[PDB]
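> Need coordinates for the below:
(one chain, ligands or ions: 1)
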Amino acid sequence: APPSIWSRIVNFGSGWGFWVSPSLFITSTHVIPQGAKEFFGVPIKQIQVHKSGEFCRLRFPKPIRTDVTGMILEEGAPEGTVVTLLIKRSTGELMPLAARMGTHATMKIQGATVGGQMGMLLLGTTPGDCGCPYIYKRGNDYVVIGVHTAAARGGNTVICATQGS
Ligand SMILES: CCOC(=O)CC[C@H](C[C@@H]1CCNC1=O)NC(=O)[C@@H](CC(=O)[C@@H](NC(=O)c1cc(C)on1)C(C)C)Cc1ccc(F)cc1
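Numbering: from 1, shown residues only. And now the structure:
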């Protein structure tokens, strides 16, 4: 993926988050810090936080990342679409993993219900990777489809948290 997209991925709590636009920031519910009084200098009360299972969306009252453009955000990718899971590691190493996305579904993961899309990695995902984006290109427009939330032990299945309607 291009550098402009990688720069949108920043460390966030126990995982990562993705600047969809200067004002919109998506991450995993499992990683958002629950005791924080602010994110990126903005008092938490001024941030509009939305939550759809494991998809956590933060709308900021003013542009924060003015250097980025507004990307397309969609609920998953068409079934069979090969996407790239942009994993950043704590070291700073970039570890783009290719995945073929599959069934959209409401899934039960460890008792909890998760809205998202199953994928298959095509050297895998690890505990610190949640919140990293699933990205693919459609023509000339890059598209983010969700954020990493889970991966099935004993197989290549990974779970991409998506946002509902
Ligand atoms: C906040 C502290 O924990 C973390 O590090 C959070 C991020 C890690 C990243 C995983 C960590 C490893 N490889 C990865 O990519 N995620 C999880 O652990 C998730 C659970 C799994 O990955 C499990 N997968 C499934 O249950 C699962 C079921 C199906 C189907 O697919 N995966 C186990 C492999 C750990 C946490 C979770 C629990 C309930 C939910 F509603 C939704 C999510």
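> The residue most central in space within the chain: what secondary structure?
Centroid-nearest residue in the chain, with CA atoms, centre = their mean: residue 147, separated by 2.2 Å. Three-state call for residue 147 (DSSP: H, G, I helix; E, B strand; the rest coil): strand.
> Verify the stated contact: it with residue 129.
No - contact criterion CB atoms under 8 Å: residue 147 and residue 129 do not qualify, at 9.9 Å. Bear in mind the C-beta positions are built from the backbone N, C-alpha and C, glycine included.
> and the longest strand for this protein?
strand 94-109 (DSSP state E).
> quick one: the residue nearest to the centre of the chain and residue 4, what's the gap?
Counting by CB to CB, to the nearest Å, the gap from residue 147 to residue 4 is 18 Å.
> all strands of this protein, in order?
For the chain, the strands defined by DSSP E occupy 9-12, 15-19, 24-28, 38-39, 42-43, 48-52, 55-59, 72-73, 82-88, 94-109, 112-121, 133-138, 141-151, 157-161.
> Residue numbers of this protein in contact with the ligand?
14, 30, 54, 109-110, 112, 114, 125-127, 129-130, 148-153, 157, 159 (CB under 6 Å from any ligand atom).
> same thing but 5 Å
Applying CB under 5 Å from any ligand atom, we find that the chain lies next to the ligand at 30, 109-110, 112, 114, 125, 127, 130, 149-153.
> List buried residues within these.
30, 114, 125, 130, 149-151 (16 or more other CB atoms under 10 Å).
> Now for the residues you listed: which two are most distant?
Taking CB to CB as the measure, these span a maximum distance of 15.2 Å, between 114 and 125.
> quick one on the thing from earlier: with respect to residue 66, which of the strands of the chain lies nearest?
Closest to residue 66 of those is strand 15-19 (CB to CB; 10.4 Å).
> Check which residues of that closest one are buried.
Applying a neighbour-count criterion of 16+ other CB under 10 Å, one finds 15-19 buried in strand 15-19.
> which one of those sits closest to residue 88?
Residue 88 lies nearest to residue 16 out of the buried residues of strand 15-19, by CB to CB, at 5.8 Å.
> That closest one pairs with what?
Judged by DSSP bridges, the bridge partners of residue 16 are residue 11.
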